[PDB]
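Single-letter residue listing:
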Amino acid sequence: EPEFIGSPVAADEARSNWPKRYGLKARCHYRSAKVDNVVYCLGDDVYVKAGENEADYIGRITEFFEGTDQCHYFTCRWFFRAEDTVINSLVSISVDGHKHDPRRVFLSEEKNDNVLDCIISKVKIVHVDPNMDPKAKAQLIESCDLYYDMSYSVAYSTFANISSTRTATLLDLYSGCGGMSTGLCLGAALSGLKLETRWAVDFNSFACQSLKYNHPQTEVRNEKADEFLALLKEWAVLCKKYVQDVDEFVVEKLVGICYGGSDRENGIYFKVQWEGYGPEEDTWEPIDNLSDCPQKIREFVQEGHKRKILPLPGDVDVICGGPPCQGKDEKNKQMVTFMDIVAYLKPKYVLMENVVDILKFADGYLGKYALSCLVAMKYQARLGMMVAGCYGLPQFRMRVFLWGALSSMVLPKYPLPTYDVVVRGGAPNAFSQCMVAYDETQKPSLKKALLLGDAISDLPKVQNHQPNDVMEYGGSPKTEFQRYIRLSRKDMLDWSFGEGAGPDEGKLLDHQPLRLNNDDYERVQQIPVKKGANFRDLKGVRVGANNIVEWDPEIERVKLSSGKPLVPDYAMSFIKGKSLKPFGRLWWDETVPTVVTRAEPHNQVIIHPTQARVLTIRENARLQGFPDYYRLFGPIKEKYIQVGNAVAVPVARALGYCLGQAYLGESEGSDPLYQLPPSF
Ligand SMILES: Nc1ncnc2c1ncn2[C@@H]1O[C@H](CSCC[C@H](N)C(=O)O)[C@@H](O)[C@H]1O
């Protein structure tokens, strides 16, 4: 009843075995205990009593001991239900046919000590293993109270396997210009893996064209994730049909396929080229519209399949996504779709970038939804948050990355910071322990934090109107960074081209700011060149409790040539008056917390330190860690955006490396984070 069975107390290997007491205190230990009718040995799985109304704990018994105080205790290490994880309440999720097994568990190494009184019963918890066959599993499972395939550690919300050259394809969704995608592909080389973005999906024409130009041999789809998927399913159907074992105007050839977005009759349409008509006369026609013509379709598909113009589940070996889910469910269906596509394609890995708020919004509804969906599919997962700066950028940009590695594959870690930028985690609650940093190990990365001067310093002077994509540097890269930022695709291994040089060798691209309508231009004209330039330096001025800007009587307004004033009324209103960023300029020793999609000086302190103009697109690209050889297209504003949205290339490029290691399975275990060997 109430107490310990008895037997040696094991002389002492007790201290040898577990001397945390022997300094929890132990008179001695036992290998068996008797509660009610029954005796529990060590290594027995058991149900334990939580607080009233709480679910019973589960445990593996580790310690049975006669602690001083004279009490009889046992310490078991804990077992985990998905609803006890970070993901509580999101067990209610289903993606496709995937649902959370109600009896399944994840094995922490987390232990606590209790009196034997709290032992309800003892449970059979069986351990699985990925490699098995129909019924090897089905047996076990059908014979057992519970099972565990993986350990859940809370450090990174990591669910991973527990025991008890080379090419991989990539799918970039919400690709934009492909900052993440490229960077990843660059790290892959360091790992020594050849990761190719065989597909990219984004619905913006311009982001798409940037991308394609910079990775010509990739299939760039400009459409929506929805359309893409549906298109994806139907295509599978076709491959079934045409591939092998049977499963007035004249259309000449079929150059394309889609599930029409604007074309929007929700049906497969095919691009049409017809005799006498240039590519400009082509049109999209519904599949049924097409006549019996096999040769056109049969050939189109067969030859497409050969070229893997489109993914099948078997072939995608990584996939990343940026799904915006701007903002239960309101829109955000975008994040949901991401997981729908993943669910379909079963990539060997998954990576997801998102703003930190995923975790803040309602207690990471979104974040826990992504995580939950991941695990529901039996996918090794973990997620942690990284700062762009730590990887050598003149900015502090914190975002969240979700690693989805398969059961059959290693789970990539996260790389530790390469720079000394000081990170004070907005480190929400549930996710407070998901972050990448050095706790207080003097990792030495003098890696003098980058500052603006270092980033844009070698920069031919340019003014408010510069309509030239490609100018010349007419200067040598003057800092370690800058010297690094302009490097041949060959030296950075962009590799997209065939071992031949890329276009735009040694050129300078997209160096040009947006044009301020003259009113604004003039306003920037009068901005001073001092360190702290703000509109405050301008005719009319203020002081007060607020620092609030109130016009300075005695001096009346002004007129631009147009007669508009210099100081718009809005500028005065901000924050009710803060030094603010209105028409503000930055120094070389300044950092941007984050590069923003939209550069207009009105509120953002975006104007070049010495030049009278807004930080040029390229200046932001460098700021975002873009190689100087990455070309951007479309209206200046549009590519300004393309850059704003992008995930920093150095960060993504470290990711690419850790991953790379993983795909080829070289790395330690159970360590949330890596450290990079050269400058990686
Ligand atoms: N409904 C949708 N369908 C397809 N793409 C969408 C979409 N809604 C948003 N997007 C994509 O979301 C992207 C913004 S985030 C893209 C950042 C990207 N990882 C990079 O830095 O390269 C946009 O490029 C847009 O193409």
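Per the PDB entry, the chain goes by DNA (cytosine-5)-methyltransferase 1 and derives from Zea mays. Its PDB title, taken directly from the record, is "crystal structure of Se-substituted Zea mays ZMET2 in complex with SAH". A UniProt comment under Catalytic activity is attached to the chain, and it reads "a 2'-deoxycytidine in DNA + S-adenosyl-L-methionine = a 5-methyl-2'-deoxycytidine in DNA + S-adenosyl-L-homocysteine + H(+)".

Asker: Even after reading the chapter, I still don't get the site of the ligand, so can you show me in this structure?
Answerer: The full set close to the ligand counts 18 residues, and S175, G178, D202, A646 and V647 are the nearest of them. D202 places a side-chain nitrogen or oxygen 2.3 Å from an oxygen atom of the ligand. With respect to the ligand, the side chain of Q334 contributes an N or O atom lying 3.4 Å from a nitrogen atom. Taken by itself the ligand offers 580 Å² of open surface, and the protein chains cover 89% of this.

Asker: I keep staring at empty space enclosed by the protein and nothing clicks. Help me out?
Answerer: The rolling of a water-molecule-sized probe over the atoms marks out the regions of remaining empty space. Counted as a void, the second largest cavity has a volume near 70 Å³. If you go around the second largest cavity, the residues you meet are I456, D458, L459, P460, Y473, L508, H511, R618, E619, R622 and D628. Tallying contributions element by element places helix α16 (residues 617-623) first for the lining of the second largest cavity, with 3 residues. A class-by-class count of the residues in the lining of the second largest cavity yields 5 nonpolar, 1 polar and 5 charged.

Asker: What is the right way to read the packing of aromatic side chains from this model?
Answerer: Counting across every chain of the model gives 17 aromatic pairs. Both rings, one in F4 and one in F64, keep their centres 5.6 Å apart while their planes meet at 75 degrees; by these two values the pair is edge-to-face. Judged on exposure class, the residue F4 and its partner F64 are both buried. Taken together, the aromatic side chains of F80, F106, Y152 and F159 make up a single cluster linked through ring pairs. One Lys or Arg, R15, reaches over the ring of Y22 and ends 4.0 Å from the middle of that ring. Above the ring of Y674, the side-chain terminus of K413 is found at 5.1 Å from the ring centroid.

Asker: Honestly, the pattern of salt bridges in this entry has me stumped. Any pointers?
Answerer: Side chains that differ in charge, positive against negative, can pair when their charged atoms come close. A complete count under the given rule lists 30 salt bridges for this structure. Across the pair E353 and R399 runs a salt bridge whose closest N-O atoms are separated by 3.9 Å. Residue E353 is found in strand β21 (residues 351-355), and its partner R399 is found in strand β23 (residues 398-403); the two are separated by 46 residues along the sequence. Given the relative accessible area of 18%, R399 is considered buried. With its nearest N and O atoms 3.6 Å apart, the salt bridge here joins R618 to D510.

About the criteria used
Residues numbered from 1 in each chain as written, not as in the entry; some residues may be left out. Heavy atoms only, no water. Residues with missing side-chain atoms left out of burial classes, pairs and counts. UniProt positions renumbered as here; feature names shortened; annotations may be inferred. Near = heavy atom within 4 Å. Polar contact = N/O pair within 3.5 Å; in protein donor to acceptor, adjacent residues only side chain to side chain. Areas by Shrake-Rupley, 256 points an atom, 1.4 Å probe, with all protein chains shown as cover. 1 Å grid on protein atoms, 1.4 Å probe; cavity = no way out; pocket = protein on both sides within 12 Å on 5 of 7 lines; lining within 4 Å. Points joined across faces, edges and corners; volume = space filled by probe spheres on them. Helix = DSSP H or I, 4+ residues; strand = E, 2+ residues; numbered from the N terminus. Nonpolar A, V, L, I, M, F, W, Y, C, P; charged D, E, K, R; others polar. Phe/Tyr/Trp six-rings, centres within 6.5 Å; stacked < 30°, edge-to-face > 60°. Buried < 20%, exposed > 50% of the residue type's maximum accessible area, 1.4 Å probe, protein only. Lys NZ or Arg CZ within 6 Å of the ring centre and 35° of its normal. Salt bridge = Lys/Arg side-chain N within 4 Å of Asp/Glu carboxyl O.

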